[PDB]
There are 4 protein chains.
Amino acid sequence: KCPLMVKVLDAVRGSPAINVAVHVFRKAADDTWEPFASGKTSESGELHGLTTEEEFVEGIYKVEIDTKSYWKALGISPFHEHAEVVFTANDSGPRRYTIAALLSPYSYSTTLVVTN
Amino acid sequence: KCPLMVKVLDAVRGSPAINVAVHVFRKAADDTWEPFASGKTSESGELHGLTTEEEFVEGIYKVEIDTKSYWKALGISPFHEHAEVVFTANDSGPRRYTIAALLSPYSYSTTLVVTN
Amino acid sequence: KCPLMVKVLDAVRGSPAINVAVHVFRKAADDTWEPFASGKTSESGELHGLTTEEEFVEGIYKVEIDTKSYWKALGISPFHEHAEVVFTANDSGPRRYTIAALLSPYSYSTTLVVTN
Amino acid sequence: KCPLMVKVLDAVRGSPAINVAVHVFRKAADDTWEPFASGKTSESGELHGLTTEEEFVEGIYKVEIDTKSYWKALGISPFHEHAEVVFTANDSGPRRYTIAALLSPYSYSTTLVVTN
């Protein structure tokens with residue numbers, strides 16, 4: 001069961017955000033963002049299978065959601081370049097992480113949900 | 001498959017809101033709020049089985065989430081009395097409705113998500 | 001200086017919500033909602049002068065924002081009937097209350113801000 | 001009158017977020033983030049005077065709010081590293097930009113408001 005999931009909703013259409021590009025980065029020891037995983041949300045607005053328990057280690061992660069491209073595929077030209085969530089992953093045993101995002105053209109909300 | 005679901009998240013603890021009381025009301029012809037359904041969110045913060053396709057007809061509905069009692073069961077004394085969402089149900093074919101709520105002691109966000 | 005203010009923003013247009021109708025109600029001893037004050041937001045999305053320090057006493061208050069009518073004056077037909085915030089006013093000395101609201105067609109966020 | 005303002009609110013305490021560090025970056029032609037301006041929010045949670053009309057030119061900007069340090073000065077150890085808003089500034093005549101942020105330990109909301 002994946003330890004990292006992303007769900008994206010659309011506040012303008014009141015539906016899941018489908019086929020949104022999501023890029024995950026990890027901060028390396030050289031303090032540079034290194035591509036870690038990426039994918040596209042499904043018809044339910046959810047993106048599963050980003051990583052595995054073995055690959056997802058403690059560190060600083062950045063979740064970048066390409067909101068601008070998604071809005072333009074629906075006919076909207078927004079003003080944000082992307083939604084971004086930066087969080088620290090910690091070990092306690094074992095912790096799953098879900099990033100929930102709510103998108104509007106000029107506003108976004110993100111929540112970090114931690115379940116077992 | 002239920003046509004009305006409610007999911008509640010906790011922005012302070014970064015987890016689903018468990019055992020939150022949810023009351024659903026429908027506006028009758030006499031313009032009074034009539035109890036329609038109610039329940040409590042599960043360990044996943046979701047409340048399923050509120051109604052059925054046959055009982056859930058067009059109308060004005062009110063979803064009241066008892067945030068104040070939930071915060072006090074966790075040790076928090078908030079300032080909102082409850083989170084409330086009032087929406088119109090419409091027929092097009094057949095439409096499922098999900099109310100998503102994000103709770104803080106002095107703030108809440110609600111989203112109406114419509115899936116097929 | 002008014003003890004109760006309401007500010008409303010538009011997440012779709014990225015601007016203040018102008019000329020939004022706001023109705024404030026107070027719960028009387030008979031447990032009925034009694035009209036207390038109302039007004040319309042200015043070009044800055046703010047509504048000042050709802051009440052006075054002498055009229056604004058402890059109690060349960062409901063702030064109803066007529067989102068549906070505002071969206072339809074801009075060309076949008078939303079799905080929420082209105083945004084509603086219910087809170088308890090308390091005395092400590094003297095406390096000003098500001099209700100901040102962020103509106104989307106299928107989502108809204110409200111925050112209760114308390115300043116001195 | 002400054003063309004760029006940042007206001008930050010606290011959803012846990014229901015108050016303005018005071019003395020939050022804010023860093024603004026601009027994307028240069030070499031596609032690197034170059035420090036542009038920074039400051040700290042006042043008792044009202046607002047940060048004025050970040051830049052001037054002459055210095056604030058079209059481009060890609062990043063507004064980084066140091067949420068983690070602010071929470072720890074109040075006794076809270078959060079999970080986000082910072083709130084970040086990336087937007088494009090455009091010329092039309094003349095446009096002021098306000099970034100509004102609502103902070104919780106495990107959630108944040110940001111809105112881009114454009115006034116004249």
# chains A, B, ... in the order shown; residues from 1 in each chain; ligands from 1
$ calpha_fit_and_write --fixed "chain B" --moving "chain A" --output "compact mmCIF listing (two decimals) with N, CA, C and O atoms, in the first residue's frame"
# COMPACT_ATOMS: atom_id res chain seq x y z
N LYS A 1 -25.39 2.24 -4.20
CA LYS A 1 -24.33 3.18 -3.84
C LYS A 1 -24.94 4.51 -3.41
O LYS A 1 -25.67 5.15 -4.17
N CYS A 2 -24.63 4.91 -2.18
CA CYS A 2 -25.27 6.06 -1.58
C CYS A 2 -25.11 7.28 -2.47
O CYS A 2 -24.02 7.50 -3.02
N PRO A 3 -26.15 8.10 -2.62
CA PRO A 3 -26.01 9.36 -3.37
C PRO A 3 -25.49 10.54 -2.57
O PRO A 3 -25.28 11.60 -3.16
N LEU A 4 -25.27 10.39 -1.27
CA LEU A 4 -24.80 11.51 -0.45
C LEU A 4 -23.79 11.00 0.56
O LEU A 4 -24.11 10.14 1.39
N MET A 5 -22.57 11.53 0.50
CA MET A 5 -21.52 11.18 1.45
C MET A 5 -20.92 12.45 2.03
O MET A 5 -20.96 13.52 1.41
N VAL A 6 -20.39 12.34 3.23
CA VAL A 6 -19.72 13.45 3.91
C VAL A 6 -18.36 12.95 4.37
O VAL A 6 -18.28 11.89 5.00
N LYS A 7 -17.31 13.69 4.05
CA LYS A 7 -15.97 13.42 4.56
C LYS A 7 -15.46 14.66 5.29
O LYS A 7 -15.64 15.79 4.81
N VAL A 8 -14.84 14.44 6.44
CA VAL A 8 -14.39 15.52 7.32
C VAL A 8 -12.93 15.27 7.68
O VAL A 8 -12.56 14.16 8.07
N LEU A 9 -12.10 16.31 7.53
CA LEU A 9 -10.69 16.27 7.85
C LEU A 9 -10.36 17.27 8.96
O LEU A 9 -11.08 18.24 9.19
N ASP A 10 -9.25 17.02 9.65
CA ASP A 10 -8.79 17.83 10.77
C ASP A 10 -7.48 18.49 10.38
O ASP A 10 -6.46 17.81 10.22
N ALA A 11 -7.50 19.81 10.21
CA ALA A 11 -6.32 20.56 9.81
C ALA A 11 -5.34 20.76 10.94
O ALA A 11 -4.16 21.05 10.69
N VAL A 12 -5.79 20.62 12.19
CA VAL A 12 -4.89 20.78 13.32
C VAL A 12 -4.07 19.52 13.57
O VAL A 12 -2.87 19.59 13.84
N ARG A 13 -4.70 18.36 13.48
CA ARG A 13 -4.02 17.09 13.69
C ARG A 13 -3.57 16.44 12.40
O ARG A 13 -2.84 15.45 12.45
N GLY A 14 -3.96 16.98 11.25
CA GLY A 14 -3.58 16.39 9.98
C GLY A 14 -4.04 14.96 9.86
O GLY A 14 -3.25 14.06 9.53
N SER A 15 -5.32 14.72 10.12
CA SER A 15 -5.89 13.38 10.09
C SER A 15 -7.35 13.49 9.73
O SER A 15 -7.92 14.58 9.72
N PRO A 16 -8.00 12.37 9.42
CA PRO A 16 -9.46 12.39 9.31
C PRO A 16 -10.09 12.75 10.64
O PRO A 16 -9.53 12.48 11.71
N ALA A 17 -11.24 13.42 10.57
CA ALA A 17 -12.03 13.76 11.75
C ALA A 17 -12.94 12.58 12.05
O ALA A 17 -13.88 12.30 11.31
N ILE A 18 -12.67 11.89 13.14
CA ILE A 18 -13.35 10.65 13.49
C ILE A 18 -14.47 10.94 14.48
O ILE A 18 -14.32 11.78 15.38
N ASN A 19 -15.61 10.27 14.30
CA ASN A 19 -16.76 10.36 15.20
C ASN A 19 -17.28 11.79 15.33
O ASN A 19 -17.57 12.28 16.42
N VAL A 20 -17.40 12.46 14.20
CA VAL A 20 -18.05 13.76 14.11
C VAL A 20 -19.52 13.53 13.80
O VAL A 20 -19.85 12.75 12.89
N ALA A 21 -20.39 14.20 14.54
CA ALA A 21 -21.83 14.08 14.32
C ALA A 21 -22.23 14.92 13.12
O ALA A 21 -21.83 16.08 13.00
N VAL A 22 -23.03 14.34 12.23
CA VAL A 22 -23.48 15.00 11.02
C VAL A 22 -24.99 14.88 10.95
O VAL A 22 -25.54 13.78 11.07
N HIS A 23 -25.67 16.01 10.77
CA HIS A 23 -27.12 16.05 10.65
C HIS A 23 -27.49 16.65 9.30
O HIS A 23 -26.98 17.71 8.92
N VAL A 24 -28.37 15.96 8.58
CA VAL A 24 -28.85 16.42 7.27
C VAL A 24 -30.32 16.79 7.40
O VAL A 24 -31.12 16.02 7.95
N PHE A 25 -30.68 17.96 6.88
CA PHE A 25 -32.04 18.45 6.91
C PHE A 25 -32.51 18.77 5.50
O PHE A 25 -31.71 19.13 4.63
N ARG A 26 -33.82 18.65 5.28
CA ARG A 26 -34.44 18.99 4.01
C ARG A 26 -35.51 20.04 4.22
O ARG A 26 -36.30 19.95 5.17
N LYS A 27 -35.54 21.04 3.34
CA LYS A 27 -36.55 22.08 3.40
C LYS A 27 -37.86 21.54 2.85
O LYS A 27 -37.93 21.15 1.68
N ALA A 28 -38.90 21.53 3.68
CA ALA A 28 -40.21 21.06 3.26
C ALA A 28 -40.96 22.20 2.56
O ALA A 28 -40.46 23.32 2.42
N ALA A 29 -42.19 21.90 2.12
CA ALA A 29 -43.00 22.90 1.45
C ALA A 29 -43.38 24.05 2.38
O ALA A 29 -43.62 25.17 1.92
N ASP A 30 -43.44 23.79 3.69
CA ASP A 30 -43.74 24.82 4.68
C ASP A 30 -42.51 25.64 5.06
O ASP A 30 -42.57 26.41 6.02
N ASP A 31 -41.40 25.48 4.33
CA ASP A 31 -40.19 26.27 4.54
C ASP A 31 -39.59 26.06 5.92
O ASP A 31 -38.99 26.97 6.50
N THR A 32 -39.74 24.85 6.46
CA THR A 32 -39.12 24.48 7.72
C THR A 32 -38.13 23.36 7.48
O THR A 32 -38.31 22.53 6.58
N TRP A 33 -37.06 23.35 8.27
CA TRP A 33 -36.04 22.32 8.17
C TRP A 33 -36.53 21.06 8.86
O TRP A 33 -36.82 21.06 10.06
N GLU A 34 -36.63 19.97 8.09
CA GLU A 34 -37.13 18.70 8.60
C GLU A 34 -36.00 17.69 8.64
O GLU A 34 -35.38 17.43 7.60
N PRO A 35 -35.67 17.13 9.81
CA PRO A 35 -34.65 16.07 9.85
C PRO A 35 -34.79 15.02 8.76
O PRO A 35 -35.87 14.46 8.55
N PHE A 36 -33.69 14.77 8.06
CA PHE A 36 -33.65 13.87 6.92
C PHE A 36 -32.77 12.65 7.17
O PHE A 36 -33.21 11.52 6.93
N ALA A 37 -31.56 12.85 7.66
CA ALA A 37 -30.67 11.75 7.98
C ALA A 37 -29.56 12.30 8.87
O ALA A 37 -29.37 13.51 8.99
N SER A 38 -28.83 11.38 9.51
CA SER A 38 -27.71 11.76 10.35
C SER A 38 -26.85 10.54 10.62
O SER A 38 -27.26 9.40 10.40
N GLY A 39 -25.64 10.79 11.12
CA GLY A 39 -24.73 9.72 11.46
C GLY A 39 -23.44 10.27 12.01
O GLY A 39 -23.34 11.45 12.34
N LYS A 40 -22.45 9.39 12.11
CA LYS A 40 -21.14 9.73 12.65
C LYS A 40 -20.06 9.23 11.71
O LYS A 40 -20.14 8.11 11.19
N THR A 41 -19.04 10.06 11.50
CA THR A 41 -17.93 9.70 10.62
C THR A 41 -17.14 8.52 11.20
O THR A 41 -16.98 8.38 12.41
N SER A 42 -16.62 7.69 10.30
CA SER A 42 -15.85 6.52 10.66
C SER A 42 -14.38 6.89 10.91
O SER A 42 -14.00 8.06 10.85
N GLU A 43 -13.56 5.87 11.19
CA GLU A 43 -12.14 6.11 11.41
C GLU A 43 -11.47 6.80 10.22
O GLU A 43 -10.42 7.43 10.39
N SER A 44 -12.04 6.68 9.03
CA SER A 44 -11.50 7.35 7.85
C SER A 44 -12.06 8.75 7.67
O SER A 44 -11.74 9.41 6.68
N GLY A 45 -12.86 9.23 8.62
CA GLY A 45 -13.50 10.53 8.50
C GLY A 45 -14.65 10.59 7.52
O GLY A 45 -15.10 11.68 7.18
N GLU A 46 -15.14 9.45 7.06
CA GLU A 46 -16.19 9.38 6.06
C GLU A 46 -17.46 8.83 6.68
O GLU A 46 -17.42 8.00 7.59
N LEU A 47 -18.60 9.31 6.19
CA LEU A 47 -19.91 8.88 6.67
C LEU A 47 -20.69 8.40 5.46
O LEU A 47 -21.08 9.20 4.61
N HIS A 48 -20.90 7.09 5.37
CA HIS A 48 -21.62 6.49 4.27
C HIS A 48 -23.00 6.03 4.72
O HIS A 48 -23.27 5.89 5.92
N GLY A 49 -23.87 5.80 3.74
CA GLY A 49 -25.18 5.25 4.03
C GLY A 49 -26.14 6.23 4.65
O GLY A 49 -27.02 5.81 5.41
N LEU A 50 -26.00 7.52 4.35
CA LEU A 50 -26.92 8.50 4.93
C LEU A 50 -28.33 8.32 4.39
O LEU A 50 -29.31 8.47 5.13
N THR A 51 -28.46 8.02 3.10
CA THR A 51 -29.77 7.92 2.46
C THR A 51 -29.66 6.93 1.30
O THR A 51 -28.64 6.27 1.12
N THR A 52 -30.74 6.82 0.52
CA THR A 52 -30.79 5.93 -0.62
C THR A 52 -31.22 6.73 -1.85
O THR A 52 -31.71 7.86 -1.73
N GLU A 53 -31.04 6.14 -3.02
CA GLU A 53 -31.46 6.81 -4.25
C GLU A 53 -32.95 7.12 -4.24
O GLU A 53 -33.37 8.13 -4.81
N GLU A 54 -33.75 6.27 -3.60
CA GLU A 54 -35.19 6.48 -3.59
C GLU A 54 -35.61 7.60 -2.65
O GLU A 54 -36.57 8.31 -2.93
N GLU A 55 -34.91 7.77 -1.54
CA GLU A 55 -35.25 8.79 -0.56
C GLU A 55 -34.68 10.16 -0.89
O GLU A 55 -35.24 11.16 -0.44
N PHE A 56 -33.59 10.22 -1.65
CA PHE A 56 -32.86 11.47 -1.89
C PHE A 56 -33.44 12.12 -3.14
O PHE A 56 -33.05 11.81 -4.27
N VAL A 57 -34.37 13.04 -2.94
CA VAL A 57 -35.07 13.69 -4.04
C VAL A 57 -34.61 15.14 -4.14
O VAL A 57 -33.96 15.68 -3.24
N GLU A 58 -34.94 15.78 -5.26
CA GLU A 58 -34.63 17.19 -5.42
C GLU A 58 -35.13 17.99 -4.23
O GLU A 58 -36.15 17.65 -3.61
N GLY A 59 -34.41 19.05 -3.90
CA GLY A 59 -34.82 19.93 -2.83
C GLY A 59 -33.63 20.70 -2.30
O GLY A 59 -32.52 20.62 -2.83
N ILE A 60 -33.90 21.46 -1.24
CA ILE A 60 -32.87 22.19 -0.51
C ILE A 60 -32.47 21.36 0.69
O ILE A 60 -33.33 20.93 1.47
N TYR A 61 -31.17 21.12 0.84
CA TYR A 61 -30.63 20.32 1.93
C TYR A 61 -29.64 21.15 2.73
O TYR A 61 -28.98 22.05 2.20
N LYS A 62 -29.56 20.84 4.02
CA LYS A 62 -28.61 21.46 4.94
C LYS A 62 -27.82 20.35 5.61
O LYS A 62 -28.41 19.43 6.17
N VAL A 63 -26.50 20.42 5.51
CA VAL A 63 -25.60 19.48 6.18
C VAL A 63 -24.94 20.23 7.33
O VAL A 63 -24.16 21.17 7.11
N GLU A 64 -25.26 19.83 8.56
CA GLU A 64 -24.72 20.44 9.77
C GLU A 64 -23.72 19.49 10.41
O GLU A 64 -24.07 18.36 10.75
N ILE A 65 -22.48 19.95 10.57
CA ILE A 65 -21.41 19.18 11.19
C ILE A 65 -21.13 19.77 12.56
O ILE A 65 -20.78 20.95 12.68
N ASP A 66 -21.28 18.94 13.60
CA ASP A 66 -21.13 19.40 14.99
C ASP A 66 -19.64 19.51 15.33
O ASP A 66 -19.06 18.68 16.04
N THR A 67 -19.02 20.58 14.83
CA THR A 67 -17.60 20.79 15.06
C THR A 67 -17.30 21.06 16.53
O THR A 67 -16.29 20.59 17.06
N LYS A 68 -18.16 21.81 17.21
CA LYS A 68 -17.86 22.22 18.58
C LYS A 68 -17.67 21.02 19.49
O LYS A 68 -16.73 20.97 20.29
N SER A 69 -18.56 20.03 19.39
CA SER A 69 -18.46 18.85 20.25
C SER A 69 -17.22 18.02 19.91
O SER A 69 -16.58 17.46 20.81
N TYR A 70 -16.88 17.93 18.62
CA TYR A 70 -15.71 17.15 18.23
C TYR A 70 -14.43 17.75 18.78
O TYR A 70 -13.55 17.03 19.28
N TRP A 71 -14.29 19.08 18.69
CA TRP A 71 -13.10 19.73 19.21
C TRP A 71 -12.97 19.51 20.72
O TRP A 71 -11.86 19.32 21.23
N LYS A 72 -14.09 19.52 21.44
CA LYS A 72 -14.03 19.38 22.90
C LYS A 72 -13.72 17.95 23.33
O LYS A 72 -13.22 17.75 24.43
N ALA A 73 -14.00 16.96 22.48
CA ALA A 73 -13.59 15.59 22.77
C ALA A 73 -12.10 15.37 22.56
O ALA A 73 -11.57 14.35 23.02
N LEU A 74 -11.41 16.29 21.88
CA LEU A 74 -9.97 16.23 21.68
C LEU A 74 -9.21 17.17 22.60
O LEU A 74 -7.98 17.21 22.55
N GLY A 75 -9.92 17.94 23.43
CA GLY A 75 -9.30 18.88 24.34
C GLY A 75 -9.36 20.33 23.90
O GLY A 75 -8.86 21.20 24.63
N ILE A 76 -9.97 20.62 22.75
CA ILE A 76 -10.03 21.96 22.19
C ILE A 76 -11.41 22.54 22.43
O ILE A 76 -12.42 21.86 22.23
N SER A 77 -11.46 23.81 22.83
CA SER A 77 -12.71 24.55 22.94
C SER A 77 -12.77 25.58 21.82
O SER A 77 -12.14 26.65 21.93
N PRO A 78 -13.49 25.33 20.72
CA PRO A 78 -13.44 26.24 19.57
C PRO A 78 -14.35 27.44 19.72
O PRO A 78 -14.84 27.74 20.81
N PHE A 79 -14.59 28.14 18.61
CA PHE A 79 -15.44 29.33 18.60
C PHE A 79 -16.61 29.24 17.64
O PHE A 79 -17.59 29.96 17.83
N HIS A 80 -16.53 28.40 16.61
CA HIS A 80 -17.69 28.12 15.77
C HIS A 80 -18.63 27.16 16.49
O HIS A 80 -18.20 26.27 17.23
N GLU A 81 -19.93 27.34 16.26
CA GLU A 81 -20.91 26.41 16.82
C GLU A 81 -21.02 25.15 15.98
O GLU A 81 -21.21 24.05 16.51
N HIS A 82 -20.90 25.28 14.67
CA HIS A 82 -20.96 24.13 13.77
C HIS A 82 -20.64 24.61 12.37
O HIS A 82 -20.74 25.80 12.07
N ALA A 83 -20.22 23.67 11.54
CA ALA A 83 -20.07 23.92 10.11
C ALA A 83 -21.35 23.51 9.40
O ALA A 83 -21.94 22.47 9.71
N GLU A 84 -21.79 24.33 8.46
CA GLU A 84 -23.08 24.13 7.81
C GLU A 84 -22.94 24.38 6.32
O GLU A 84 -22.34 25.37 5.90
N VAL A 85 -23.50 23.46 5.52
CA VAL A 85 -23.51 23.57 4.07
C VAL A 85 -24.95 23.43 3.61
O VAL A 85 -25.62 22.45 3.95
N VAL A 86 -25.44 24.41 2.85
CA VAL A 86 -26.79 24.41 2.32
C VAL A 86 -26.69 24.39 0.80
O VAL A 86 -26.08 25.28 0.21
N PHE A 87 -27.28 23.38 0.18
CA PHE A 87 -27.19 23.23 -1.27
C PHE A 87 -28.51 22.72 -1.82
O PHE A 87 -29.35 22.17 -1.10
N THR A 88 -28.69 22.92 -3.12
CA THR A 88 -29.84 22.43 -3.85
C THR A 88 -29.46 21.14 -4.57
O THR A 88 -28.44 21.08 -5.25
N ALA A 89 -30.28 20.10 -4.40
CA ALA A 89 -30.11 18.87 -5.14
C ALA A 89 -30.96 18.94 -6.40
O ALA A 89 -32.11 19.38 -6.35
N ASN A 90 -30.38 18.54 -7.53
CA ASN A 90 -31.03 18.60 -8.83
C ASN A 90 -30.93 17.24 -9.50
O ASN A 90 -30.04 16.44 -9.20
N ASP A 91 -31.86 16.99 -10.42
CA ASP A 91 -31.88 15.75 -11.19
C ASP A 91 -31.33 16.00 -12.58
O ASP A 91 -31.75 16.95 -13.26
N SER A 92 -30.38 15.16 -13.00
CA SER A 92 -29.88 15.19 -14.37
C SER A 92 -29.57 13.77 -14.82
O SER A 92 -29.87 13.40 -15.96
N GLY A 93 -28.96 12.97 -13.94
CA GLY A 93 -28.87 11.55 -14.15
C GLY A 93 -27.53 10.92 -13.82
O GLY A 93 -26.59 10.96 -14.62
N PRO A 94 -27.40 10.32 -12.62
CA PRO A 94 -28.24 10.46 -11.42
C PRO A 94 -27.59 11.37 -10.38
O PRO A 94 -28.24 11.86 -9.47
N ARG A 95 -26.28 11.58 -10.51
CA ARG A 95 -25.51 12.48 -9.66
C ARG A 95 -25.35 11.97 -8.23
O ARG A 95 -26.34 11.75 -7.53
N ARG A 96 -24.11 11.77 -7.81
CA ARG A 96 -23.77 11.57 -6.41
C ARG A 96 -23.16 12.86 -5.85
O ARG A 96 -22.47 13.60 -6.56
N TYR A 97 -23.43 13.12 -4.58
CA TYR A 97 -22.98 14.33 -3.91
C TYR A 97 -22.08 13.94 -2.74
O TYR A 97 -22.43 13.08 -1.94
N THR A 98 -20.91 14.57 -2.67
CA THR A 98 -20.01 14.41 -1.53
C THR A 98 -19.71 15.79 -0.97
O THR A 98 -19.30 16.69 -1.71
N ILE A 99 -19.93 15.95 0.33
CA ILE A 99 -19.55 17.17 1.04
C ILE A 99 -18.22 16.90 1.73
O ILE A 99 -18.14 16.03 2.60
N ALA A 100 -17.19 17.65 1.35
CA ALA A 100 -15.89 17.56 1.99
C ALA A 100 -15.70 18.78 2.88
O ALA A 100 -15.95 19.91 2.44
N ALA A 101 -15.26 18.56 4.11
CA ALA A 101 -15.08 19.62 5.10
C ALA A 101 -13.69 19.54 5.70
O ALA A 101 -13.21 18.46 6.04
N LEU A 102 -13.05 20.71 5.84
CA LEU A 102 -11.76 20.85 6.49
C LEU A 102 -11.94 21.75 7.70
O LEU A 102 -12.37 22.90 7.55
N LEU A 103 -11.61 21.25 8.88
CA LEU A 103 -11.93 21.92 10.14
C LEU A 103 -10.68 22.44 10.84
O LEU A 103 -9.68 21.72 10.96
N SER A 104 -10.74 23.68 11.29
CA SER A 104 -9.83 24.29 12.25
C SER A 104 -10.68 24.91 13.34
O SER A 104 -11.89 25.09 13.17
N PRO A 105 -10.08 25.24 14.49
CA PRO A 105 -10.90 25.79 15.59
C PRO A 105 -11.62 27.07 15.22
O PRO A 105 -12.75 27.30 15.67
N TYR A 106 -10.99 27.93 14.42
CA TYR A 106 -11.57 29.22 14.07
C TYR A 106 -11.80 29.35 12.57
O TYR A 106 -12.01 30.47 12.07
N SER A 107 -11.76 28.25 11.83
CA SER A 107 -11.95 28.31 10.39
C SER A 107 -12.43 26.96 9.89
O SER A 107 -12.08 25.92 10.44
N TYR A 108 -13.21 26.99 8.81
CA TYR A 108 -13.60 25.75 8.15
C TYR A 108 -13.78 26.02 6.67
O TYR A 108 -14.07 27.14 6.25
N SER A 109 -13.55 24.99 5.88
CA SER A 109 -13.73 25.02 4.44
C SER A 109 -14.63 23.86 4.06
O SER A 109 -14.45 22.75 4.54
N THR A 110 -15.59 24.11 3.19
CA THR A 110 -16.45 23.05 2.71
C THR A 110 -16.49 23.07 1.19
O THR A 110 -16.50 24.14 0.58
N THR A 111 -16.53 21.90 0.58
CA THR A 111 -16.59 21.75 -0.86
C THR A 111 -17.68 20.76 -1.21
O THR A 111 -17.85 19.74 -0.54
N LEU A 112 -18.45 21.09 -2.25
CA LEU A 112 -19.47 20.22 -2.79
C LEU A 112 -18.92 19.57 -4.04
O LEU A 112 -18.60 20.27 -5.01
N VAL A 113 -18.75 18.25 -4.00
CA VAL A 113 -18.16 17.49 -5.10
C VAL A 113 -19.26 16.63 -5.70
O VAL A 113 -20.00 15.95 -4.98
N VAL A 114 -19.37 16.64 -7.02
CA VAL A 114 -20.44 15.94 -7.73
C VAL A 114 -19.80 14.97 -8.71
O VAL A 114 -19.08 15.40 -9.62
N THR A 115 -20.04 13.68 -8.50
CA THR A 115 -19.44 12.62 -9.30
C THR A 115 -20.54 11.75 -9.89
O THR A 115 -21.70 11.79 -9.45
N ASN A 116 -20.18 10.97 -10.90
CA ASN A 116 -21.09 10.04 -11.53
C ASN A 116 -20.53 8.62 -11.49
O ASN A 116 -21.22 7.68 -11.10
$ select_by_dssp --residues "chain C" --states "alpha helix (DSSP H)" --output "PyMOL selection string"
chain C and resi 67-73
$ select_by_dssp --residues "chain A" --states "strand (DSSP E or B)" --output "number ranges by chain"
A: 4-10, 15-16, 21-27, 33-40, 46-47, 59-65, 80-89, 96-104, 107-115
